[PDB]
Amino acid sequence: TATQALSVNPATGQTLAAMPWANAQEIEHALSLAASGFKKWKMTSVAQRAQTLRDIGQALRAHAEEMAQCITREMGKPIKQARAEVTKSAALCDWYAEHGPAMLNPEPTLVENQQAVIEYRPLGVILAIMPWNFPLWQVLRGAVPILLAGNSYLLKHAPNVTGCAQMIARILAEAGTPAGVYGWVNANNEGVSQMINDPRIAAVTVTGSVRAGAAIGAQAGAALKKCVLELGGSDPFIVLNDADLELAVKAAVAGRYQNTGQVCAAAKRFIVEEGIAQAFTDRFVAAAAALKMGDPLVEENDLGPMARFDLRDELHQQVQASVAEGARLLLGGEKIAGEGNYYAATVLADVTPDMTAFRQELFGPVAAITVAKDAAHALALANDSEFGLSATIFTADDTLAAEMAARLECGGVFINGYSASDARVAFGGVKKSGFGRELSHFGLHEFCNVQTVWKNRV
C-alpha cells in the first residue's frame, strides 16, 4: 500500500507522521532482544514481575494526558474517552499485580500423597498483532497478564497508531521494564509472517478483523503455534416488552455509540419485541440525534470522526446496501462534508436477517433495529449471526433472562445493564468472533505452559 506506516489526524485530514517498515536487521534485532529478555525474565520471581506491573501503572499515570492526547490525535476518539482508556489500562496493571500472583500457584491433583502438581510455566515470546480502536487498552489487556506469567511480549501495532506505539514503549521503558520483555516492531505483513515462522516466537495473540484473524491464525496453525483470536462482533441487544424501557434505551445508545461505534463488543443489532418496538425506536432515535459530534479535543463532544477514511467509505456502502435491500433510514446515513472523517450518527429500522446491516459488522455509528415477534423469535434472531462475542438482554423476567443467556451463542451476556470488558471476568467469543479468552485467570493461563510434575510414579 505504502512504503511507510502513515499517521493522519482523522479530525483534520492532515498528515502527522510516516514511519518506514522494519527492515531485516530490525526484525532480527526485535526477535533477538525478545528472546534474551525472556531468558532472564522467566527466571524472575512473580513478586518482581508484579512490582514491574505496579511501576508500569505508575509511569502510565505520570504521562496520562500526553497518552490520551496521542490516542485522540491519531485515531479520533473523543478526548474524554481517550482519558478513560488510560485510566482503565493503568488500573489493569494494579489489578493483576494484586490478584495475578495467586493464579500462578501450582495446583494440587487427586494423585495420592501429594505426588503430582500442575505448574504454570512461562511459554516464551508472544507475538501480538493489535488494532487501532483502543491503541493502549488492547495492548495492555494482553501484555499485562502475558508479562506476569513470565513471557516476553512483542507488539506489531496498527500502522495508523505508530505514534501511540512509540509512546507506550517509552513509558514501559521508564517504568523499568527490562529490554526485550516488552518491545515492538513496525513490521509489514511479510515481516509478521517471518516472525510467526521464527522459533523464537512461541505463540501469537490477535485482536482485529475476521480477515486478519484468519490470515494470522492460518500461519500460526501451520507453524504449530497457539493463538488467541479476539475478532469482530455483531452483538445482539434484546429488549423485551417488560423491560425498563428508559434504562434499555440508555444502555443501547451507550453500547452502540461508544468510541464512535468502533468497538468489537458494541451493541450492533437491536432486537426489540413487537409491543415495545415503536417506543424503543422513537426514544433511541431521539437520544442518538441529540449526541454531539465534532472536534474530539472538545471534552463535551460525544462522537468524533471515524479513525480511517477508507473504513468510513466501507461503512457508508454498508448503509447504502441496507437501504437498497429495504431498510428504513430513520437518522443520518451520510458522510459529513469537510476535511475530517465524520459520519452522521445513523439509525436503520425494518432490518431483516438477510440484510447487510444484520449480517455484517457495522464498525461505526450505525444502529440496526429489528422487530421480534416474541422472546423465542428474539433469541433465534440473536443467534442468526456468524459472530458471537457478547450480547445484552433487557427484561423484567429474571428466570427467562437466565434461560436465554444459557442459549445465547456468545462469550458474554449482560442482563439489564451495560456490557463492558473488566479484568475480573472472561472476554472473548465464538464462531467468527474467534476463540480463546482474555482477562481474569483466562488471559493469564492462555500463554502458560501448563506442566504436570509427578514424582515417584511407580
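Just count from 1 along the sequence shown to find any residue number.
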Mean CA B-factor: is it higher for 80 to 88 or for 93 to 101? 93 to 101
Between 303 to 311 and 169 to 177 (mean CA B-factor, as deposited), the higher: 169 to 177
Can you tell me which of 199, 135, 150, 236 has the highest Cα temperature factor in the record? 199
Residue with highest C-alpha B-factor in the PDB entry, from 423, 396, 393, 64: 396
What third of the chain does residue 156 rank in for C-alpha temperature factor, lowest, middle or highest? lowest
Looking at the entry's B-factor column for C-alpha atoms only, identify whether residue 296 ranks in the lowest, middle or highest third of its chain. lowest
Relative C-alpha B-factor of residue 448, binned into the chain's lowest, middle or highest third: middle
Relative C-alpha B-factor of residue 419, binned into the chain's lowest, middle or highest third: middle
So where's residue 23 on the chain's Cα temperature factor ranking, which third? highest
